[PDB]
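Asker: Protein sequence lines, in the order shown, are assigned to chains A, B and C.
FYI, this note's numbering numbers position 85 of the first sequence as 738, with every residue one higher than the one before it.
FYI, this note's numbering numbers position 137 of the second sequence as 790, with every residue one higher than the one before it.
FYI, this note's numbering numbers position 63 of the third sequence as 716, with every residue one higher than the one before it.
Just so it is clear, CB atoms sit at the ideal spot from N, CA and C, and this is done for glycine as well.
There's a structure below that I have some questions on.
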Amino acid sequence: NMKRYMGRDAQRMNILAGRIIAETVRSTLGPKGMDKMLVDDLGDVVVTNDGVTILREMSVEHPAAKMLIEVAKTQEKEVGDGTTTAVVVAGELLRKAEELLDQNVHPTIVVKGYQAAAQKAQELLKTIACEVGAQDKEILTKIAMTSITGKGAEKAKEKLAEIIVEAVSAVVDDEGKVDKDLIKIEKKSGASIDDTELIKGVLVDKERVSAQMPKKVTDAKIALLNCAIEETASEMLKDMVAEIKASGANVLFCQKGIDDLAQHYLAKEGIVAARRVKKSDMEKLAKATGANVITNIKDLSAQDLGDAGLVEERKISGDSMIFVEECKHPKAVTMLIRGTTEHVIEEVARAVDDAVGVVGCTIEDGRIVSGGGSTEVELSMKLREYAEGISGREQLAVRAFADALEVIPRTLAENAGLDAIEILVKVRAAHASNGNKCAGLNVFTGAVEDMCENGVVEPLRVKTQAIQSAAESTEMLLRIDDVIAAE
Amino acid sequence: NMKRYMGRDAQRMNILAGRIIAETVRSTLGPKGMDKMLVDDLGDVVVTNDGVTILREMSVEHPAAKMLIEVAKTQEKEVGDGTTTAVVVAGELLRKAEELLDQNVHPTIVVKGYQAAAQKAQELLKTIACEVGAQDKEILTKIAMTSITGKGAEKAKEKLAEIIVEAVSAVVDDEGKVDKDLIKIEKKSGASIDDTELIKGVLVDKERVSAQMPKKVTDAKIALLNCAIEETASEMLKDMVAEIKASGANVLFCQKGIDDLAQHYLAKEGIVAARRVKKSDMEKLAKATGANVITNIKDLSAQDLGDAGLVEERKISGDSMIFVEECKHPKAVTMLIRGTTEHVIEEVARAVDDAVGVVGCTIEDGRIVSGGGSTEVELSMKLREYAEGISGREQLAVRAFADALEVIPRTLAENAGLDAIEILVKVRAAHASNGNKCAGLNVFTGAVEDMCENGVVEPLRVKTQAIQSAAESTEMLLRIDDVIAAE
Amino acid sequence: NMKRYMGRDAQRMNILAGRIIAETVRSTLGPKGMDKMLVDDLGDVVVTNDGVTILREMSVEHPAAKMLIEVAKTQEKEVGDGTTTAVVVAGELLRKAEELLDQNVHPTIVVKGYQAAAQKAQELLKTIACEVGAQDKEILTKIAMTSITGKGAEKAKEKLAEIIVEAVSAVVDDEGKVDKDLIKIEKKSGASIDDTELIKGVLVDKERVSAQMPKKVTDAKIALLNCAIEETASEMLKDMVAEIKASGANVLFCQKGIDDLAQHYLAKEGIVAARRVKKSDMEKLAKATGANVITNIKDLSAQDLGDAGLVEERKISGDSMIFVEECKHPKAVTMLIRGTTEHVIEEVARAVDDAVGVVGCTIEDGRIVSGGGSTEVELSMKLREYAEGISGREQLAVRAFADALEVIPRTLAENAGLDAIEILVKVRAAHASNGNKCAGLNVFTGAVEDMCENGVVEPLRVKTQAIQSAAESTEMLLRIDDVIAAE
Ligand SMILES: Nc1ncnc2c1ncn2[C@@H]1O[C@H](COP(=O)(O)OP(=O)(O)O)[C@@H](O)[C@H]1O
Ligand SMILES: Nc1ncnc2c1ncn2[C@@H]1O[C@H](COP(=O)(O)OP(=O)(O)O)[C@@H](O)[C@H]1O
Ligand SMILES: Nc1ncnc2c1ncn2[C@@H]1O[C@H](COP(=O)(O)OP(=O)(O)O)[C@@H](O)[C@H]1O
Ligand SMILES: [Mg+2]
Ligand SMILES: [Mg+2]
Ligand SMILES: [Mg+2]
C-alpha cells in the first residue's frame, strides 16, 4: 500500500517530471514559436500559444509536475505575460540541479545556493531596469507590441497595440492601479481581426424589452434600476413609469423584472428599457457612463443618470445587442474583438489579455527591461561573478542558477531555427562589462542587436515574478526525497 | 475469526510497527533534513517537513503505529514544534526495548525502569533549563528563529522571526497566556515570501456591499452589528440607518443581512458596510479594533465602536478584500503570508505556526534549553549515572532509556551527512561533568559548538512534553502481549 | 438442519469453549500481568488490562463462551474489580469438572457437589473477613491502591489512590451507599498522568453564550434553568433577565435555548450564562453546588441558587470549558484524568473505575480480606477438610471445587515468572490451621509474606461475588448435554 519512491529515485522522478512539462511549452517560446492544439475527451478543441492555458487545460497527473503548473498559474495571476518563461526556467533549474546532485552535493546546499542567487538576481534586476512614465504612451505601446508578438509576429498589428494602451489607460484607478477586470472583452465573428475596435462604454447582451421602444437614442441619459418595476391590472404603474420620466431618463436598464403593464407605459413615453440584465452588466454600466445603481425607484434623483453619446440596438454577427458606446468619462471600457472563425477570435483574445497585463504592469510599476533574452544574459553573467565571491560548495549552485537563466536566449534561438550555441556566444560577448545590457538576439534579423532601440521591452514584473516563482518552487521540489503515491 | 498474534510475535509486531512510522520521519529531522511529498487518492499533493501533518495525513492502518501518531498529535497540541522528535524518540525507546526483551527481561520490568527514568529526566531538565524574561524580545527571536530553521535554514529569514515575536507578543492575555488562535494567519500569492508582513488588525474576505460606498476611510470608527438591518418598501430603514450615524460610525460590519433599502441609505451617508461576515470574523474584529458586538441596533452606544487607522478595500492577488489595518491596541493580529506558488505559501505557513508555538511557549513557561541535540546528550549522561544507583534488572531499562535519547543528536548528524558515531563521541566528551550542557553539533559548522551562544534555543516544553509522551505511550505498548485484529 | 453435538461431545465442546475465554485473560492477572491490544474491523484500537472490557469488546461467538462473559459482565456490575478472577475461576471449575466426568461421575452429582462447596465457601469467607470502618480513610487507601496495582504496579501512584478515596467519600449518600455515577470522570490530554486531580464540582463542555460576559467569577451564586428564556423583537426579555438578577445570581446554566435578545441583557448585567447544557450536566450541577432545577422562571427563589467558590471558562487541552470548581458541600464530584496520549489516558481511567468500585465496596460492605491469592489458599484448604465430612461421590466434586480456587495463586505466580508449583506449596504450608489466613505470595518479593501487613486488601464483595457467579454459571453449563446450533 502502495507506491513509494526512495531517495535518488524520488528526486529523479520529480526532477524529471518537472523537466517534462517544461519541455512541453519550450516550443511556444518566442515569435518564431509554435502553437499547441489541444482536444479533450469531448472532441472540444482549443488552439493556443499561451503557456498557462496549455498547462492548465491538459490532464497533468503526476504530483511533481502539478506544482510547476503552480508557477505558471501565479505568473498569469500577477503579470499576464511570461507564463511560459517562468515554467521554462523552472525546468532548467531542475535540470542543472541534478548535475550537482549526481556529483553528491547535498540537496540542502543546492537549495541554499539557489536561494542565494535568486536573492541577488532580484536586486540585480532592480538596478538594470530603465524607468518610464506611467503615461509615456509611446513606450506603453512598444510594451504592448512586444507582448502580442511572441504569440506570432503576425498578430502584432500596429493599430491593435494602440487600441489596448488607450484602453488600459482609461481604466486606471487614480491612484494608481489597473483593474484588469474593468476592461470588458467581447468576442463576435465578422470578417475581421482588423475590425476589432475600442468601445468606450458597455456591450449588453439584451434587447429592448418592448418592440415599440426606440431602437436608437443619441446623447442619452441612463437610469440603472436595481429595483423591480412591478405591475398588476390597475395601472399601479403610471406612478413608477412617470417617476422615471421625472428625472429625464430616455434609457433604462433594469436588473429585475419589468411587468407587462410597465412595458407599455415606457414604450409610450419614448424611454428604452431592458429587463433582467446581468448583475455584472449593471456594475459595468454603473462605472462606464457615470451612473448610479438605485434600489428605491422613488429615490431616483436626476443625477443618478449616466451619460453615453449613443445607445443603440444593433445586430452584430447575427445576435442583436444594446451598444452603449461613445461615453464621456469611462471607468469601464469594452474591447470588441473580431475575427473570421471562433478559435481565430479566441486566440486574438488571449493575446489581448497578455497585452493588457504587461501594459497595466508598466503603468503600475514604472520600470521595464529589454526583451529578446537580453536581461537574462546580462542577469546571468552578473550572477556568475557574484558566484566567485562565494566560498563553499554553494558556489556550484549559484553558477548553475546563473547558467540556468540562459535557457531563454537559448530556446528563443532554437525555435527560430538558428544555431543556439553560437548566438549564445555572440550575445555573451556583447555583455562584457561594457554595453549593452540591452544586447539580445533578434530572431528575424538573425543577428544580435540592441533590443531597447528595436522596441523590444517587458515590464520588470515579468522577469522578477518569473525568476522568483521559478526559484521558490524548484527549491521546494529539491528538498523532497520520499514520495507516497496511492490508488 | 480472524487474526491474532501471540507473545513474542505480538510484541515484535508492535515494536516493529512503531519503529516504522518513526523511521518515516527520521529524515525530516534538523535543518539538513528533507521534505516528504504526499499525494492522496485524489491527485491532491502536499509537501511538508512538519512531522505531525506528515503522519496525520497519510493512511496509517496498523493499530500499534496508530498510537505513536498519538504522541505526535498531542505534541503539536501542547507545544507546536518538536513533533518529529517526540515520535522519533518514541521509536528509539521501542528499539532499545527489544534488546532487553530478547534478553528475557520481563516487559513489566522494562516498563518499570522506563517510567523511572522518564521520572528522573523530568526533574533533570527542570534544573538545566535557563530562565528567560517573558519579553526578552531578543531571546524570543532566537527561539523563533531556531524553530523556522530545521524546516530548512533557507526559510530562516531574519525579518520573519522578528515579525512573529512581535505578533505573538501582541496577543498575550494578561495574565498570562498566548491564544494561538488570536493570531489570524492569511495566505495570498504575490511575488513574495519576503513580502509576508504583520497586519495589526483583521483581514475580511468580504467587499463593500454597495459600490457607491467609500473604498477608503482613515482613522475610522467601526460599528459591529450582530443584528439584521431589515427593510420592506416604505423606508422603515432611515431609522436604523440614522441611528448608526448617530453614534459616529463611518464603517459597519454586519453578520446578518442588510436589505437593499438600508444599503442605499448607508451609501448616501458615507458609511461603508459589509453584510454576512463570518461569525469568526466578527469576534476577530471585536477584539482587534477594540469594538463591541451589538445585537440591538437601538442600544448602539457611541463607545461600542472600535478604532482602526485605516479601513480599505484592496485587490490583493486577484481577490478583493477589506483591510482593517494599523489598529491601536490589537488583541487580535493578522500574519499575512505570501509566496509565489500555493504550496510554497502553505509550507511557509506551517513554519510560522511552529514559530508561534515555541514563542508562545517561552513567554508562557519562562524557561528554555539549548538545541542541536545538546540537552539530549546532557540529559542522557546524567540519566546514565542515575542508572548505576539502581539495583536490579530495572537498571538495564534505565540505561536503555538513557541511550535512547541520543537518537536526536545521532539522526541530526545523519541527515547533515556527517559521521554520526564520531560526532556523538565528541559531543559526549564535552559533557563530562564540566561544561557545557550547551555543547552540541552544529550541522553547518560540522564541529561541536556552544549552542546557547550560537543562538540555538528551544522552549523547555519541547523536550519535557516530548520525552514524557514518548515514555508514556511506549510504556503502554510494551505491556501488550496479545492482539486481536478483525476483518 | 443443521449442527448438533451429542453427550460427551457437547460437554467437551462447552467445557473447552469455556476454558478458552478463560485462558484468554489468564495473562492479565496480577501486577506482573500483561495487556491485550484489541483492534476491531475499523482499525480502532483499544489497549487494556481490564478483564471484562477485553471480553466484551471482542467478537466472541461460541454460545458456551458467550456465557462466561456473563460472569465477568456482572462482576463489573456488582463490584468493579476482580472481573478477570471471576472468569478465571469459572474456567478452572470447568477444567476440574471434566476430570470427574472422564471418570464417569454423573454431571448432576458434580453440579450437586459444586453447589455444596460454593455454599460453604460463602459462609467460610464471612468469618475470615476483617472488619473495617466506613471512614477508616487509611485502609480505604490501601484498598484503592491494591486495586490500581494489578493494572501494573506503575499506575499505583500514591497520590492517586488518595484522590479517589477522598472523591468516593464525598459522594456517599447517607445512608449509606455510593452512587458510582455521582463521581464524574473527565479525560483531557496535558503532559500529565500526575496532573490528574480532584475537582470538587462539575466540568461543563459549554462556553459563555455571549463573549461580552465575565470569563471569571469567584464565590459565585448559581441559577440552573430548566426553562427556555425566549425573546422576539420588543424586549419582552428585560422581565426574564431582571427577575434572575432579582435572586442575586451572577451565573446561569440553561438547558434550553437563550434567545439573542436575552443574551445581550445578561452580558449587560454581569451574569454569565450557557445555553443548551446536557440534561445530565444539569443534574450534576443540581447536586454538586447545592442548587435547584427551576422550570418556572417566575418561581426563581433566592435559595434555588447553588454555591461554588469559582466559576471560570478555561482552555484546557485546546478545548474551552466552564469549570465550576471549589464547591462547599459536593454531592457530585469530578475526577479530572490527564495523560500525554489518548489511550494512555483511557486506561488510567479504567484503573480509576476499578478503584472507585472497590472503595465504594468497602464503605458499603465494611468487611475486607487479604489479596495476593491469600484467602484463596485459605478458602481452599478449609473447603478441602469440609470435603472429608462428605459421604458419596459428591465429595470428589467438593475437593475439585477446593482445588479450583488455587488457580488464582497459581496464575499470579506464573505471570510474575516464578515457579507456580513450589510457591503454591510454601503458601499452603503457611496456612496449616495456625496462621496466617493472610499468608500470600508477593510477586515482587518473590517469597511468601503477610498480605494484610503489606497493605494488600480487597473488599469481601470481590471474592464472594466472584466465587458464586463462577459457581452458578459453570453449574448450569455442566448440566448441558445437547446443543442445537443453526445457520
Ligand atoms: N522581436 C522579438 N525578437 C526576439 N524575441 C522577442 C521579440 N519579441 C518578444 N520576444 C521574446 O519572446 C518571449 C515571449 O514568448 P511568449 O511566446 O510570449 O511566451 P511568454 O510570453 O510566456 O514568455 C519573451 O522572452 C520576449 O523576450
Ligand atoms: N542551527 C542548528 N544546528 C543544529 N541543529 C539545529 C539547529 N537549529 C535547530 N536544530 C535542531 O533541529 C531539530 C528540529 O527538527 P525539525 O525539522 O524542526 O523537527 P521537530 O522540530 O519536530 O523536532 C531540533 O532538535 C533542533 O534541536
Ligand atoms: N502487591 C501485590 N502482590 C501480589 N498480588 C497482588 C498485589 N496487588 C494485587 N494483587 C492481586 O492481583 C489481582 C488483580 O488482578 P487484576 O489484573 O486486577 O484483575 P482482577 O482485578 O479482575 O482480578 C488480585 O487477585 C490481587 O489479589
Ligand atoms: Mg505573450
Ligand atoms: Mg520546526
Ligand atoms: Mg484491577
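List, in order along the chain, the chain B residues whose C-beta lies closer than 8 Å to that of A:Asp832?
Answerer: Within chain B, the residues near A:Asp832 are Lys968.
Asker: Exposed or buried, what is C:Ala886 when buried is set at 16 or more other beta-carbons lying within 10 Å of its beta-carbon?
Answerer: Burial call: exposed.
Asker: Just list the beta strand (DSSP E) runs in the stretch 1062 to 1126 of chain A, keeping only unbroken ones of 3 residues or longer that don't cross its boundaries, in chain order.
Answerer: Taking only runs of at least 3 residues, the beta strand (DSSP E) segments lying wholly in the stretch 1062 to 1126 of chain A are 1092 to 1094, 1101 to 1103, 1110 to 1112.
Asker: Around ligand 4, what residues have a beta-carbon under 6 Å from a heavy atom of it, in chain order?
Answerer: Cβ-based neighbours of ligand 4 within the cut-off: A:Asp734, A:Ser800, A:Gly803, A:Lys804, A:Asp1007.
Asker: Given this structure, state the Cα-to-Cα distance separating B:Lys779 from C:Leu691, to the nearest angstrom.
Answerer: So the two alpha carbons sit approximately 37 Å from each other.
Asker: Return the CA-CA distance between A:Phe1097 and A:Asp703, expressed in angstroms with no decimal places.
Answerer: Distance between the alpha carbons of A:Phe1097 and A:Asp703 is about 21 Å.
Asker: Regarding B:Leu682 and ligand 2, is the C-beta to nearest heavy atom distance less than 6 Å?
Answerer: Result yes, Cβ under 6 Å from ligand 2.
Asker: Please classify residue 1151 of chain A as buried or exposed, where buried requires at least 16 other C-beta atoms within 10 Å of its C-beta.
Answerer: Not covered by the structure: residue 1151 of chain A. The range shown for chain A is 654 to 1140.
Asker: Using a Cβ-Cβ cut-off of 7 Å, state whether C:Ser842 counts as contacting chain B.
Answerer: Closer than 7 Å: yes.
Asker: Give me, in chain order, the residues of the same chain whose beta-carbon lies closer than 6 Å to that of A:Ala1139; leave out the 5 immediate sequence neighbours on both sides.
Answerer: Cβ within range, chain order: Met655.
Asker: Got a sec, what are the start and stop residues for the alpha helix (DSSP H) B:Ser1027 sits in?
Answerer: First-last of the alpha helix (DSSP H) with B:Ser1027: 1027 to 1039.
Asker: Between B:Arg1046 and chain C, is there a C-beta pair that is closer than 7 Å?
Answerer: Cβ-Cβ to chain C under 7 Å: no for B:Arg1046.
Asker: Kindly provide the ranges of any beta strand (DSSP E) runs that are 3 or more residues long and lie completely inside the stretch 908 to 942 of chain A, ordered along the chain.
Answerer: Here the runs fully enclosed are 925 to 927.
Asker: Any idea what DSSP makes of A:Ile836, helix, strand or coil?
Answerer: Strand at A:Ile836.
Asker: Looking at the unbroken beta strand (DSSP E) that takes in residue 1168 of chain C, where does it start and where does it end?
Answerer: There is no way to answer for residue 1168 of chain C, as the model of chain C reaches only from 654 to 1140.
Asker: Measure how close the beta-carbons of A:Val862 and A:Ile1016 come, nearest whole angstrom, since I'm counting them as under 8 Å.
Answerer: Contact flag wrong, Cβ pair sits at about 40 Å.
Asker: Can you tell me which residues form a DSSP beta bridge with A:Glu731?
Answerer: Looking at the DSSP assignment, A:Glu731 forms no beta bridge with any residue, so it has no partner.
Asker: Does the stretch 1037 to 1046 of chain B touch the stretch 1104 to 1112 of chain B, meaning 3 or more C-beta pairs lie closer than 8 Å?
Answerer: No: fewer than three Cβ pairs fall under 8 Å.
Asker: Below 6 Å, is the gap between the Cβ of C:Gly744 and the nearest heavy atom of ligand 3?
Answerer: No; taking the cut-off as 6 Å, the Cβ of C:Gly744 has no heavy atom of ligand 3 nearer than that.
Asker: Interface residues of chain B around A:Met1129 at Cβ under 8 Å?
Answerer: Near A:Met1129 (Cβ distances below 8 Å), the residues of chain B are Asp688, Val700, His996, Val997, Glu1000.
Asker: Using a cut-off of 7 Å between C-beta atoms, extract the partners of A:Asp1135 located in chain B.
Answerer: By Cβ distance, chain B contributes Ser680, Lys689.
Asker: Assign A:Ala864 to one of two classes, buried (16 or more other C-beta atoms within 10 Å of its C-beta) or exposed (fewer than that).
Answerer: By the 10 Å Cβ count, A:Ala864 comes out exposed.
Asker: Would you be able to state if there are at least three C-beta pairs under 8 Å between the stretch 1082 to 1093 of chain B and the stretch 1030 to 1037 of chain B?
Answerer: Contact holds: three or more Cβ-Cβ distances are below 8 Å.
Asker: Is the Cβ of B:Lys685 closer than 7 Å to any Cβ of chain A?
Answerer: Chain A contact via Cβ: present.
Asker: Just list the beta strand (DSSP E) runs in the stretch 826 to 880 of chain A, keeping only unbroken ones of 3 residues or longer that don't cross its boundaries, in chain order.
Answerer: Whole beta strand (DSSP E) segments, 3+ residues: 836 to 840, 850 to 852, 855 to 857, 873 to 878.
Asker: Closer than 8 Å, Cβ to any Cβ of chain C: which residues of the stretch 938 to 961 of chain B, in chain order?
Answerer: Cβ contacts with chain C come from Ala939, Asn945, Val946, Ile947, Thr948, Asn949, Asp952.
Asker: Compare the C-beta of C:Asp694 with all C-beta atoms of chain B and state if any pair is closer than 7 Å.
Answerer: Judged by the 7 Å Cβ criterion, C:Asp694 is in contact with chain B.
Asker: In the DSSP assignment, what residue or residues form a beta bridge with C:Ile990?
Answerer: C:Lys840, per the DSSP bridge assignment.
Asker: Between C:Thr849 and chain B, is there a C-beta pair that is closer than 7 Å?
Answerer: For C:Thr849, the answer is no, since every Cβ of chain B falls outside 7 Å of its Cβ.
Asker: Leaving out the 5 sequence neighbours to the left and right, which residues in its chain are closer than 6 Å to A:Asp934 when beta-carbon positions are compared?
Answerer: Around A:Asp934: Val857.
Asker: Between A:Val997 and A:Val977, is the Cβ-Cβ spacing less than 7 Å?
Answerer: It is not a contact, given that the beta carbons lie outside the stated cut-off.
Asker: Indicate whether the contact test is met: 3 or more Cβ pairs, each with one atom in the stretch 755 to 772 of chain C and one in the stretch 1050 to 1068 of chain C, closer than 8 Å.
Answerer: Yes, the stretch 755 to 772 of chain C is in contact with the stretch 1050 to 1068 of chain C.
Asker: Let me know if A:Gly992 comes out buried or exposed under the rule of 16 or more other beta-carbons within 10 Å of its beta-carbon.
Answerer: Looking at its Cβ environment, which holds 16 or more other Cβ atoms inside 10 Å, A:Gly992 is buried.
Asker: For a cutoff of 7 Å on Cβ pairs, would you count A:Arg1132 as touching chain B?
Answerer: With 7 Å as the cut-off, A:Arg1132 counts as an interface residue toward chain B.
Asker: Taking the Cβ atom as the reference point for each residue, do A:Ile950 and A:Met893 lie within a distance shorter than 7 Å?
Answerer: Yes.
Asker: With a CB to CB cut of under 7 Å and the five nearest residues on each side skipped, what residues in its chain are close to A:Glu815?
Answerer: The answer, listed in chain order, is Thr794.
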